[PDB]
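Raw contents of query.txt, compact mmCIF, C-alpha atoms and all ligand atoms:
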# COMPACT_ATOMS: atom_id res chain seq x y z
CA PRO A 1 38.62 132.45 152.09
CA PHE A 2 40.02 135.17 149.84
CA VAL A 3 42.01 135.48 146.62
CA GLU A 4 44.43 138.38 146.44
CA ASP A 5 42.49 141.52 147.32
CA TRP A 6 39.15 139.81 146.69
CA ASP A 7 37.24 138.14 149.50
CA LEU A 8 34.90 135.31 148.63
CA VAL A 9 31.67 136.36 150.29
CA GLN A 10 29.24 133.68 149.21
CA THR A 11 28.68 130.71 146.92
CA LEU A 12 26.86 131.55 143.70
CA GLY A 13 26.96 128.31 141.70
CA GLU A 14 32.49 126.52 141.79
CA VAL A 15 31.56 130.20 141.55
CA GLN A 16 31.81 132.56 144.50
CA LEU A 17 30.98 136.22 144.86
CA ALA A 18 34.16 138.20 145.36
CA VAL A 19 34.29 141.71 146.78
CA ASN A 20 37.42 143.83 146.71
CA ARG A 21 38.40 145.06 150.18
CA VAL A 22 39.81 148.23 148.61
CA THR A 23 37.60 149.14 145.64
CA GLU A 24 34.61 147.30 147.13
CA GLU A 25 33.81 146.11 143.63
CA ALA A 26 31.98 142.80 143.39
CA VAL A 27 32.91 140.16 140.83
CA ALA A 28 32.19 136.52 140.07
CA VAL A 29 34.97 134.04 140.76
CA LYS A 30 35.44 130.68 139.08
CA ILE A 31 37.51 128.13 140.95
CA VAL A 32 38.83 125.19 138.93
CA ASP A 33 41.28 122.56 140.16
CA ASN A 34 38.96 122.27 128.66
CA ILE A 35 39.45 125.17 131.07
CA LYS A 36 42.23 126.57 128.89
CA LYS A 37 39.83 126.91 125.98
CA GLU A 38 37.25 128.67 128.14
CA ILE A 39 39.83 131.24 129.22
CA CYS A 40 40.89 131.72 125.61
CA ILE A 41 37.30 132.16 124.41
CA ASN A 42 36.47 134.60 127.20
CA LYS A 43 39.27 136.95 126.16
CA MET A 44 37.76 137.17 122.67
CA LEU A 45 34.40 138.37 124.05
CA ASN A 46 33.17 141.97 124.22
CA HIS A 47 29.36 142.41 124.16
CA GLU A 48 26.77 143.94 126.52
CA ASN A 49 24.74 140.72 126.52
CA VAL A 50 27.67 138.47 127.39
CA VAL A 51 29.25 138.15 130.82
CA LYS A 52 32.45 140.18 131.07
CA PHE A 53 35.77 138.43 131.46
CA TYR A 54 38.21 140.40 133.57
CA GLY A 55 41.13 137.97 133.64
CA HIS A 56 42.54 134.82 135.18
CA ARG A 57 45.22 133.84 137.68
CA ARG A 58 46.62 130.35 138.38
CA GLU A 59 47.66 129.08 141.82
CA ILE A 60 43.50 125.98 141.36
CA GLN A 61 42.71 128.38 138.51
CA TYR A 62 40.73 131.61 138.98
CA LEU A 63 38.40 133.09 136.36
CA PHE A 64 37.25 136.66 137.04
CA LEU A 65 33.83 137.39 135.57
CA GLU A 66 31.14 140.08 135.66
CA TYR A 67 28.80 139.70 138.61
CA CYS A 68 25.13 139.90 137.79
CA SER A 69 23.12 141.09 140.78
CA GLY A 70 19.90 139.85 139.28
CA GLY A 71 20.89 136.22 139.08
CA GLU A 72 19.39 133.66 136.72
CA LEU A 73 16.60 134.20 134.20
CA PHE A 74 15.42 130.90 135.60
CA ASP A 75 14.30 132.59 138.80
CA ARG A 76 12.24 135.13 136.83
CA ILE A 77 10.11 132.40 135.26
CA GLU A 78 7.09 131.26 137.29
CA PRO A 79 6.28 127.57 137.04
CA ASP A 80 3.30 126.77 134.84
CA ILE A 81 2.95 130.48 134.19
CA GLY A 82 6.08 132.00 132.70
CA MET A 83 6.55 135.77 132.72
CA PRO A 84 4.61 138.67 131.19
CA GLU A 85 4.94 138.69 127.39
CA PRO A 86 6.57 142.14 127.23
CA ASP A 87 9.26 140.94 129.66
CA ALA A 88 9.94 137.75 127.69
CA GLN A 89 10.17 139.69 124.44
CA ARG A 90 12.76 142.11 125.79
CA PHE A 91 14.75 139.22 127.26
CA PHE A 92 14.51 137.36 123.93
CA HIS A 93 15.80 140.48 122.09
CA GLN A 94 18.89 140.70 124.33
CA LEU A 95 19.48 136.98 123.83
CA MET A 96 19.36 137.38 120.06
CA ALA A 97 21.84 140.26 120.38
CA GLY A 98 24.30 138.23 122.45
CA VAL A 99 23.91 135.12 120.27
CA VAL A 100 24.18 137.07 117.00
CA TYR A 101 27.44 138.49 118.35
CA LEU A 102 28.95 135.12 119.31
CA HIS A 103 27.93 133.66 115.95
CA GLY A 104 29.58 136.57 114.14
CA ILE A 105 32.89 135.88 115.86
CA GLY A 106 32.54 132.17 115.06
CA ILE A 107 31.55 131.15 118.61
CA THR A 108 28.72 128.85 119.70
CA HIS A 109 27.79 128.65 123.40
CA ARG A 110 26.28 125.16 123.01
CA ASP A 111 24.42 125.24 126.32
CA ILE A 112 21.84 128.03 126.11
CA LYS A 113 19.24 127.78 128.89
CA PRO A 114 17.74 130.07 131.55
CA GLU A 115 20.35 128.93 134.09
CA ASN A 116 23.07 130.43 131.87
CA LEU A 117 21.31 133.66 131.12
CA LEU A 118 22.20 136.02 133.95
CA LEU A 119 20.65 139.37 134.88
CA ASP A 120 22.52 142.51 135.96
CA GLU A 121 21.22 145.31 138.19
CA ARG A 122 19.32 146.89 135.30
CA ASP A 123 18.02 143.41 134.52
CA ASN A 124 20.06 143.23 131.35
CA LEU A 125 20.57 139.69 130.08
CA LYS A 126 24.13 138.25 129.82
CA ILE A 127 25.08 134.97 128.20
CA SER A 128 27.08 133.12 130.89
CA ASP A 129 29.55 130.19 131.22
CA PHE A 130 31.68 129.31 128.16
CA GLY A 131 32.92 125.98 129.49
CA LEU A 132 31.13 124.11 126.68
CA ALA A 133 31.71 126.79 124.03
CA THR A 134 33.70 126.22 120.85
CA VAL A 135 34.76 127.63 117.49
CA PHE A 136 32.54 126.75 114.52
CA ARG A 137 34.03 129.34 112.18
CA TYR A 138 37.72 130.15 111.77
CA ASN A 139 39.47 131.94 108.91
CA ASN A 140 36.08 132.20 107.19
CA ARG A 141 35.69 128.42 107.25
CA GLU A 142 32.85 126.69 109.05
CA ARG A 143 33.48 123.52 110.97
CA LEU A 144 30.59 121.19 111.72
CA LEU A 145 30.19 119.98 115.31
CA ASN A 146 30.29 116.25 116.09
CA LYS A 147 30.51 116.21 119.90
CA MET A 148 27.25 115.99 121.84
CA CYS A 149 26.57 118.45 124.66
CA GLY A 150 24.17 120.88 126.31
CA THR A 151 20.98 120.02 128.20
CA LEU A 152 18.47 117.49 126.81
CA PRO A 153 15.26 119.62 126.94
CA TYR A 154 16.98 122.54 125.17
CA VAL A 155 18.92 120.37 122.67
CA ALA A 156 18.17 120.19 118.93
CA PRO A 157 17.02 116.96 117.22
CA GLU A 158 19.89 116.67 114.71
CA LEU A 159 22.43 116.53 117.56
CA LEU A 160 20.93 113.20 118.70
CA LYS A 161 20.48 111.91 115.15
CA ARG A 162 23.55 113.11 113.22
CA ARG A 163 27.25 112.38 112.94
CA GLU A 164 27.86 116.08 112.31
CA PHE A 165 25.64 119.14 112.39
CA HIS A 166 25.78 122.92 111.98
CA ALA A 167 26.38 124.89 115.20
CA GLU A 168 24.03 127.84 114.56
CA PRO A 169 20.61 126.13 114.15
CA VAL A 170 21.33 124.26 117.38
CA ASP A 171 21.62 127.59 119.23
CA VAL A 172 18.41 128.78 117.58
CA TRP A 173 16.55 125.67 118.75
CA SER A 174 17.75 126.19 122.31
CA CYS A 175 16.58 129.84 122.08
CA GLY A 176 13.09 128.70 121.05
CA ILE A 177 12.87 126.32 124.03
CA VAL A 178 13.96 129.26 126.24
CA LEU A 179 11.25 131.38 124.61
CA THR A 180 8.73 128.61 125.34
CA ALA A 181 9.64 128.46 129.02
CA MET A 182 9.40 132.24 129.39
CA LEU A 183 5.90 132.27 127.91
CA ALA A 184 4.64 128.99 129.39
CA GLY A 185 6.67 128.38 132.56
CA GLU A 186 7.23 124.79 131.49
CA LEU A 187 9.35 122.71 129.05
CA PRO A 188 7.74 120.81 126.15
CA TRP A 189 9.78 117.61 126.24
CA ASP A 190 12.39 115.65 128.11
CA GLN A 191 14.13 115.35 124.75
CA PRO A 192 13.45 116.04 121.05
CA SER A 193 13.65 112.35 120.13
CA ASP A 194 10.69 110.75 118.36
CA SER A 195 10.51 108.17 121.13
CA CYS A 196 9.39 110.94 123.49
CA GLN A 197 5.60 111.39 123.31
CA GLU A 198 5.59 115.19 123.69
CA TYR A 199 7.92 115.85 120.76
CA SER A 200 5.77 113.74 118.44
CA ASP A 201 2.64 115.70 119.36
CA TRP A 202 4.34 118.97 118.48
CA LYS A 203 5.44 117.53 115.15
CA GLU A 204 1.82 116.68 114.39
CA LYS A 205 0.84 120.24 115.30
CA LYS A 206 -1.27 119.35 118.34
CA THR A 207 -1.17 122.92 119.66
CA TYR A 208 -4.16 122.33 121.96
CA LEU A 209 -1.91 120.48 124.42
CA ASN A 210 0.35 122.24 126.91
CA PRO A 211 2.43 124.19 126.86
CA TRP A 212 1.43 125.61 123.46
CA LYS A 213 -2.16 126.48 124.49
CA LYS A 214 -0.80 128.84 127.17
CA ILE A 215 1.09 130.77 124.47
CA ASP A 216 -0.37 133.57 122.31
CA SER A 217 -0.63 132.93 118.58
CA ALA A 218 1.99 135.48 117.48
CA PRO A 219 4.82 134.00 119.60
CA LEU A 220 3.48 130.55 118.81
CA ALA A 221 3.95 131.31 115.11
CA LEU A 222 7.60 132.25 115.78
CA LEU A 223 8.06 128.97 117.67
CA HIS A 224 6.50 127.10 114.74
CA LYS A 225 9.37 128.55 112.72
CA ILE A 226 12.08 127.91 115.34
CA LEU A 227 11.21 124.38 116.43
CA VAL A 228 11.55 122.98 112.90
CA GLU A 229 13.11 119.50 112.87
CA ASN A 230 14.96 120.08 109.59
CA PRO A 231 18.01 122.13 110.67
CA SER A 232 18.05 123.50 107.15
CA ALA A 233 14.38 124.50 107.08
CA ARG A 234 14.71 126.01 110.55
CA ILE A 235 14.44 129.79 110.71
CA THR A 236 17.63 131.83 110.91
CA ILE A 237 18.30 134.67 113.34
CA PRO A 238 18.19 137.24 110.51
CA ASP A 239 14.70 135.93 109.77
CA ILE A 240 13.66 135.89 113.44
CA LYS A 241 14.26 139.65 113.46
CA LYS A 242 11.67 140.11 110.71
CA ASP A 243 9.18 137.98 112.65
CA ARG A 244 5.93 139.78 113.44
CA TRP A 245 5.87 138.94 117.16
CA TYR A 246 9.52 139.91 117.48
CA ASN A 247 8.71 143.39 116.19
CA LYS A 248 5.33 143.68 117.94
CA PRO A 249 4.98 146.44 120.54
CA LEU A 250 4.16 145.09 124.01
CA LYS A 251 3.14 146.24 127.48
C1 LIG A 301 22.81 132.34 141.02
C2 LIG A 301 22.79 133.71 141.29
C3 LIG A 301 23.73 134.54 140.70
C4 LIG A 301 24.70 134.02 139.86
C5 LIG A 301 25.62 134.86 139.27
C6 LIG A 301 25.71 136.18 139.37
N1 LIG A 301 26.74 136.60 138.63
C7 LIG A 301 27.32 135.55 138.04
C8 LIG A 301 28.40 135.44 137.18
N2 LIG A 301 28.77 134.25 136.74
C9 LIG A 301 28.13 133.13 137.10
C10 LIG A 301 28.57 131.92 136.59
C11 LIG A 301 28.08 130.72 136.85
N3 LIG A 301 28.79 129.85 136.14
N4 LIG A 301 29.65 130.44 135.49
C12 LIG A 301 29.56 131.74 135.73
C13 LIG A 301 27.04 133.18 137.95
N5 LIG A 301 26.63 134.42 138.43
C14 LIG A 301 24.72 132.66 139.59
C15 LIG A 301 23.78 131.82 140.17
Taking this structure as input, can you express it in the form of structure tokens?
Ligand SMILES: c1ccc(-c2cnc3cnc(-c4cn[nH]c4)cn23)cc1
Amino acid sequence: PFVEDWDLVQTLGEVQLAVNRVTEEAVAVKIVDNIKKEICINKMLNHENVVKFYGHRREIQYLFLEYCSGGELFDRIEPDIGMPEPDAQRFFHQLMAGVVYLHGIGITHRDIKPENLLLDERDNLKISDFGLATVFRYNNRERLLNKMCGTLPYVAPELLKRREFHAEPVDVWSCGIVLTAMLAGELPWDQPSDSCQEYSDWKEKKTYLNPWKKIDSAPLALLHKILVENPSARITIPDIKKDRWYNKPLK
């Protein structure tokens, strides 16, 4: 099947890979039959660590998005192992870039996870899929988020325990969990709730258990600052930049 000039070559995720018969350019195609908001949000985005939005056309609705040859960051993680520290650090820098940007235009992704961090040919990281995204700052006014979403393992504690919560710390939490899985190749908990055994152990600082033992002490220190239950004591992105591991030379 094809749309306009573009031919849908293969299924990517629905999302197909589209190649132009004429220009031979490859793009990502989103086929939908909250979409309006996603299209609106995509237009507002212009960063090198965020998937490009080319435009949309209704028929089924069609979102035209940058194609990342690399695929998911998820594939680059090795189970129980993770990826080499220099690699994870670079990836984590590009994620901070993309997320800083969104935050500065009042946008929160709300679903950060390795499945939604795509890699281009140069292996540059792109924040992907704004179907769950929303505005948390408009006209210089911040709006707290009440709706629950994202993926349990990457979700912040306040979101399960609070009527309303700030958007930004939630994206920082998710970024920590993503850091953890890059360095450890496994996720700490099914969910951040106290009922879960793994979360409680972390709260008590039982670092000896997995996956913390697999992680070096510099990054582990950063994660001690990121996975802080108090959304208000949690470290901010501006502070993550000053983190020693973040600025440590690697490779
Ligand atoms: C596996 C391999 C490549 C991919 C892949 C490559 N390029 C893109 C662009 N967008 C998406 C996407 C997905 N949802 N919303 C947008 C996926 N992509 C995706 C999965």
Query raised in the report: Mind pulling up the distance from atom CA of residue A:166 to atom CA of residue A:116?
Result: 21.4 Å
Query raised in the report: Counting only C-alpha atoms, which of A:232, A:20, A:108, A:46 gets nearest to residue A:174?
Result: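 Closest residue, counting only C-alpha atoms: A:108.
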Listing only residues of chain A within 8 Å of ligand LIG 301 (chain A), what is the closest atom pair and its distance in Å (to one decimal) for each, using only C-alpha atoms and all ligand atoms, sorted by chain and residue number ascending, as a tab-separated table?
residue	atom	partner	partner_atom	distance
A:12	CA	A:LIG301	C15	4.7
A:13	CA	A:LIG301	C15	5.0
A:14	CA	A:LIG301	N3	7.5
A:15	CA	A:LIG301	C11	5.9
A:17	CA	A:LIG301	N1	7.5
A:27	CA	A:LIG301	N1	7.5
A:28	CA	A:LIG301	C8	4.9
A:29	CA	A:LIG301	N2	7.4
A:30	CA	A:LIG301	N4	6.8
A:51	CA	A:LIG301	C8	7.0
A:65	CA	A:LIG301	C8	6.0
A:66	CA	A:LIG301	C8	5.6
A:67	CA	A:LIG301	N1	3.7
A:68	CA	A:LIG301	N1	3.8
A:69	CA	A:LIG301	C6	5.7
A:70	CA	A:LIG301	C3	6.7
A:71	CA	A:LIG301	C3	3.7
A:72	CA	A:LIG301	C1	5.7
A:115	CA	A:LIG301	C15	7.6
A:116	CA	A:LIG301	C11	7.1
A:118	CA	A:LIG301	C5	6.4
A:119	CA	A:LIG301	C6	7.5
A:120	CA	A:LIG301	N1	7.7
A:128	CA	A:LIG301	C12	5.6
A:129	CA	A:LIG301	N4	4.3
A:130	CA	A:LIG301	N4	7.7
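Shortest atom-to-atom contact with residue A:90 among A:192, A:114, A:249, A:131: A:249, counting all atoms listed in the file.
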Query raised in the report: Restricting the calculation to all atoms listed in the file, which member of A:198, A:75, A:186, A:168 is positioned closest to residue A:235?
Result: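 Among the listed residues, the smallest separation from residue A:235 belongs to A:168.
For the residues A:121, A:158, A:216, A:164, ranking by smallest atom-to-atom distance to residue A:85 using all atoms listed in the file places A:216 first.
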Requested in this report: Would you list the contacts of stretch 143-150 of chain A as a list in words, taking every protein, DNA or RNA residue within 6 Å and counting all atoms listed in the file, but skipping same-chain residues closer than 2 positions in sequence?
Outcome: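 The contact residues come out as residues 110, 111, 136, 137, 163, 164, 165 and 166 of chain A.
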Report task. Have a look at A:93, A:62, A:213, A:133 and name the one nearest to residue A:34; count all atoms listed in the file. Result ->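 Among the listed residues, A:133 lies closest to residue A:34.
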Local residues around (35.8, 134.1, 148.5), at most 10 Å away, using all atoms listed in the file, as a tab-separated table (two decimals) with C-alpha atoms, keeping the file's coordinate frame:
chain	number	residue	atom	x	y	z
A	1	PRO	CA	38.62	132.45	152.09
A	2	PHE	CA	40.02	135.17	149.84
A	3	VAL	CA	42.01	135.48	146.62
A	4	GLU	CA	44.43	138.38	146.44
A	6	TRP	CA	39.15	139.81	146.69
A	7	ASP	CA	37.24	138.14	149.50
A	8	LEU	CA	34.90	135.31	148.63
A	9	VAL	CA	31.67	136.36	150.29
A	10	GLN	CA	29.24	133.68	149.21
A	11	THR	CA	28.68	130.71	146.92
A	15	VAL	CA	31.56	130.20	141.55
A	16	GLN	CA	31.81	132.56	144.50
A	17	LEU	CA	30.98	136.22	144.86
A	18	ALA	CA	34.16	138.20	145.36
A	19	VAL	CA	34.29	141.71	146.78
A	28	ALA	CA	32.19	136.52	140.07
A	29	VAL	CA	34.97	134.04	140.76
A	31	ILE	CA	37.51	128.13	140.95
Query raised in the report: So how far away is atom CA of residue A:37 from atom CA of residue A:102, in Å?
Result: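 Value for the atom CA of residue A:102-atom CA of residue A:37 distance: 15.2 Å.
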Query raised in the report: Which one of A:240, A:160, A:209, A:181 sits closest to residue A:194 if you count all atoms listed in the file?
Result: A:160
Query raised in the report: Rounded to one decimal in Å, what is the spacing between atom CA of residue A:61 and atom CA of residue A:39?
Result: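 One can read the atom CA of residue A:61 to atom CA of residue A:39 distance as 10.1 Å.
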**Report entry** Long-range neighbours of residue A:241 as number ranges by chain, 12 Å cut-off, only C-alpha atoms, 4 positions minimum in chain
**Finding:** A: 89, 92-97, 100, 222, 235-237, 245-248
Six-sided padding of 5 Å per side, axis-aligned box over stretch 210-221 of chain A, centre and edges in Å, one decimal, as lines of an AutoDock Vina configuration file:
center_x = 1.3
center_y = 128.9
center_z = 121.1
size_x = 17.0
size_y = 23.2
size_z = 22.1
Requested in this report: Excluding residue A:48 and any residue of its chain fewer than 4 positions from it, enumerate the residues within 9 Å of it, using only C-alpha atoms, and give them as a ChimeraX atom specification.
Outcome: /A:52,94,97-98,124-126
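Residues with any atom within 10 Å of residue A:223, counting only C-alpha atoms and excluding same-chain neighbours fewer than 4 positions away, are residues 173, 175, 176, 177, 179, 180, 212, 215, 217, 218, 219, 227, 228, 235 and 240 of chain A.
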